[PDB]
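Starting off, we have a lone chain in the form whose entry title says "open form", written out as structure tokens.
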């Protein structure tokens, strides 16, 4: 039913202990990045949040305008974690696995379960999400995802309900899911997530008034 969690899955995982030199150049890896962790999953934004969380928990970095939406996805969502040795890379992958299976999650917008949404607060951003313009390393953030009409209406509602700012905005392309990042205090990001959720549920209930 409405507000029940969707739980994604990890589809494949491998570690490259020592990247080939020619491949390292083509990937433009920094000299300190020797090893590479590869993980694929069937959800877009939950994987992205898990990746950012890994950057705080291990000595790894990820090697905005991407695909967004819940599981199952059309294909593989791949993240490449780069690190100084295979142990740090494995620590990063373990953090990602843990957060994909028991971290942020999409929810159903209605009882029919034809529409989903994500409304999640990242209390402290790592190096991946803070790469976006307007998001500072360590600051909190509201991560909002919905179908484009619901997203637009919800974003407007969130900005009106809470003391938050739109970090950056790129409008929807035909797409199935669009995302938005809001910035402000931790409590204000929570209020924005609650207001975003109410707007999405309202439209999912009665899409044509």
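The term rigid core refers to the most C-alpha atoms you can superpose between the two forms while keeping them within 1.5 Å. Positions refer to the first chain, counted from 1. Residues that one form lacks are left out of the comparison.
Omitted from view is the form whose entry title says "closed form", to which the following refers.
Comparing the two forms between this form and the one not shown on the rigid core, the single residue of 85, 107, 110, 73 with a CA shift of 2 Å or greater is 73. Note: residue 71-residue 115 Cα separation is 3 Å or more longer in the other form than here. The pair residue 13 and residue 75 approaches in the other form: their C-alpha atoms are at least 3 Å nearer to each other than in the form depicted. Taking the core as reference, several blocks of three or more adjacent residues between this form and the one not shown have all their Cα positions offset by 2 Å or more: 64 to 76, 168 to 171, 174 to 176.
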